[PDB]
Amino acid sequence: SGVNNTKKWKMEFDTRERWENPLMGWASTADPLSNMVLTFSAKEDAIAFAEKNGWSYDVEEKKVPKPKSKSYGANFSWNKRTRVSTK
Amino acid sequence: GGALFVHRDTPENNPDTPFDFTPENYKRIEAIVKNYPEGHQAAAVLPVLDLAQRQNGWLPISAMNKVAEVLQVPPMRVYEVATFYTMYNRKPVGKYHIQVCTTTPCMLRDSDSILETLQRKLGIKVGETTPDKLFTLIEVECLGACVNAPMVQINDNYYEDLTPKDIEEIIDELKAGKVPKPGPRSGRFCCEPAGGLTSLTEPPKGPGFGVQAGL
Amino acid sequence: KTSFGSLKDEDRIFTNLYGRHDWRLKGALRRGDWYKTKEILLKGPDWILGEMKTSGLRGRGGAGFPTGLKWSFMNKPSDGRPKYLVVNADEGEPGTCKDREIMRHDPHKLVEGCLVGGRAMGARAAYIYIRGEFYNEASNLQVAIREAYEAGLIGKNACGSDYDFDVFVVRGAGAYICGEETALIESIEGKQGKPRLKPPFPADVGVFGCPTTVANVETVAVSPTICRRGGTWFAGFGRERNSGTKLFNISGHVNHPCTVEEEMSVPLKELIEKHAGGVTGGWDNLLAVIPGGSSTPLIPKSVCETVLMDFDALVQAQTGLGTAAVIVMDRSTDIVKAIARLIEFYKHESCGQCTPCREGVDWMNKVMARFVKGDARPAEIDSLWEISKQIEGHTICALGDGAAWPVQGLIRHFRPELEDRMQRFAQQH
Ligand SMILES: Cc1cc2nc3c(=O)[nH]c(=O)nc-3n(C[C@H](O)[C@H](O)[C@H](O)COP(=O)(O)O)c2cc1C
Ligand code: SF4
Ligand code: FES
């Protein structure tokens, strides 16, 4: 329930092949950027970095939870279905 | 431990165990349910469950399931109640369930002596039954008889301000088919002092006395 | 003004407290009950609250809350919801039997108080949640209620008032936590006796999700006698902020244990010696005393002499009045053992929905058994203090405070005993 990693914008590259190594069975790659991750404080900064370095980007807006009405009395009601049977 | 709070089916305690309410219990249940608003009938769980306990002596899983079916409640909402409250017996108990108080107001007044005298007279331990399936001894907390201590509760009756001799009498009587007189075994009848009435020995004033005027 | 000790029977409010007169309606009318209740009802509710206030009447449940203000949180306009009154009769607090005595020997007073408080609050019925071990008391109560319904004092036209009022009795199935305003309500509603939080407050949303006001047996049983004789009369007894005739229950290591009514702010030493026969061996053999119930800190002989048995004096004595159940110990007691048994009681009677009590009370019970044996080191007493303080004000209910307080008293007055036990255990190894 922590919300401290939902603050900074990230930049991640497309995933490419990973094939088992015959000798041991480990994961191999020919993708140097397989683990490239950059951290930005805003969306325009990331878009600018991408444009600058010549990359193509598809952006994804930020998902903020909607504010929610909450009441401890609703659990105890005379006529509504909020009445809970599990105290 | 002894109070496990789980239920593993057995031949004696299974859903198919033969429980059912009597036509009188059903009318008592109707009245009980009527003692609560029309939309809130899941509040009769405790009285109906204690009623089933009275009819059957104890509470098997089928009893709780039938209570639920009657009140149209989830059976888990009844399992929770049964497990939470201690008056509800989920294992068969003896003809005469003996609940000994061992909290300090009674302990101070030599309650362990009574607990031991019962351990011996009966041939059981602090939480066992008898082979005859007549007696069942347990330790419990304050029963609201702290002044008439020591004391024990036997199937909805109290026996107070007693001693090893008195409890021996009570047990010799319960083993002969008799039900003794609930109350202190000493001279006093209730919480009144033993020496003599020191608070209200006068007669009471009676109606209209002390009444303020303008009412 | 001073010397609030003695109290005459002309002013005693629970006359059949020892089962000397018939507890049925004949004795009730013959003793001053169900008299002028019609006029009490045709008087406004605001007048009843004015009386409850000018009487200084404070609740006896264990907390010192003034009723009049409590019962005035509920004197609002209705919002199309039935208002209720729930009487607390689940006296599981060790040392307390006053409510039992009332229930079984003068129940018509309780019923009349139900009716009066109901008209005061705007109620529609009175739910008397009574302990389940009190089957005979509840049966006497239902007998009285039947007598009252037959005589016409409660029901469709309660005494001829146009006010309709019912009285229901409810058994509890043996739980001490069901004595709280909220767990009481949950039990009635069918759920476990697990308290609920505040807010909401029972007056806003309570039993069946409706307005509610919980009250002790003694409070309601007194209310009509106050409204009838006068609050100022009730307020002439005791000190300014704490006033009234209070029931007392004197148990443990006392030769003549008993229940009694007296003037509040009475000297405890008098309360013991005059009514009881004093401690078994003599005042000198008095080790310590619990002024209220098990939920109250100990106090030793030193201060037990000049102490007045009321709320404020006991607070200033680092303790509290509670239900006024004087538990007496003499010098022949393993006081550590008594307090450990109290902690075991609180361990059994915990509901288990809020972490502090659930865990720390069993923690403290284990530590207390260890102290009884002496297997502990004297550096653990401050750990136990800190645990108590972590439990105290971090719970949903008071049972955590009640489990934390006797330990604080034990450590505040009997630390050397614990250290000596530890020293003996170290020598024995
Ligand atoms: C664990 C616990 C147990 C209680 N037991 C009782 C009880 O047995 N009787 C009682 O009158 N109040 C008891 N109370 C106090 C309740 O708050 C009670 O319903 C309320 O104080 C009664 O109102 P009054 O004191 O104004 O009369 C208990 C509180 C707690 C936390
Ligand atoms: S302090 Fe104990 S009894 Fe009170 S609500 Fe928390 S767990 Fe339940
Ligand atoms: S301590 Fe035993 S009845 Fe109260």
# chains A, B, ... in the order shown; residues from 1 in each chain; ligands from 1
>>> residues_around(residues="stretch 1-12 of chain A", least_positions_apart="6", cutoff="6 Å", atoms="only C-alpha atoms", output="VMD selection string")
chain A and resid 37 to 41
>>> write_last_selection(atoms="C-alpha atoms", output="CSV table (one decimal), in the first residue's frame")
chain,number,residue,atom,x,y,z
A,37,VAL,CA,15.9,3.2,-16.8
A,38,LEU,CA,15.9,7.0,-16.5
A,39,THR,CA,14.1,9.1,-13.9
A,40,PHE,CA,12.4,12.4,-14.6
A,41,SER,CA,10.4,14.8,-12.5
>>> select_by_dssp(residues="chain A", states="helix (DSSP H, G or I)", output="NGL selection string")
:A and (32-35 or 43-53)
>>> residues_near_ligand(ligand="ligand 1", cutoff="6 Å", atoms="only C-alpha atoms and all ligand atoms", output="PyMOL selection string")
chain C and resi 59-63+65+67+88-93+176-177+179-181+214-216+219+397-399
>>> residues_around(residues="residue A:57", least_positions_apart="3", cutoff="9 Å", atoms="only C-alpha atoms", output="MDAnalysis selection string")
chainID A and resid 47 50:51
>>> atom_distance(atom1="atom CA of residue C:114", atom2="atom CA of residue C:80")
21.8 Å
>>> interface_residues(of="chain C", to="chain A", cutoff="10 Å", atoms="only C-alpha atoms", output="ChimeraX atom specification")
/C:81-82,183,186,189-201,204-210,353
>>> interface_residues(of="chain B", to="chain C", cutoff="6 Å", atoms="only C-alpha atoms", output="number ranges by chain")
B: 42-43, 45, 81, 85, 87, 104-105, 108, 142, 144, 146-147, 191-194, 198, 206-207, 210-212
>>> closest_residue(among="C:128, C:290, C:386, C:113", to="residue C:154", atoms="only C-alpha atoms")
C:113
>>> atom_distance(atom1="atom CA of residue C:202", atom2="atom CA of residue C:155")
24.6 Å
>>> residues_around(residues="stretch 150-160 of chain B", least_positions_apart="2", cutoff="8 Å", atoms="only C-alpha atoms", output="ChimeraX atom specification")
/B:96-101,106-107,109-111,114,145-146,148,162-163,181-185 /C:133-136
>>> closest_residue(among="C:389, C:358, C:108, C:415", to="ligand 2", atoms="only C-alpha atoms and all ligand atoms")
C:358
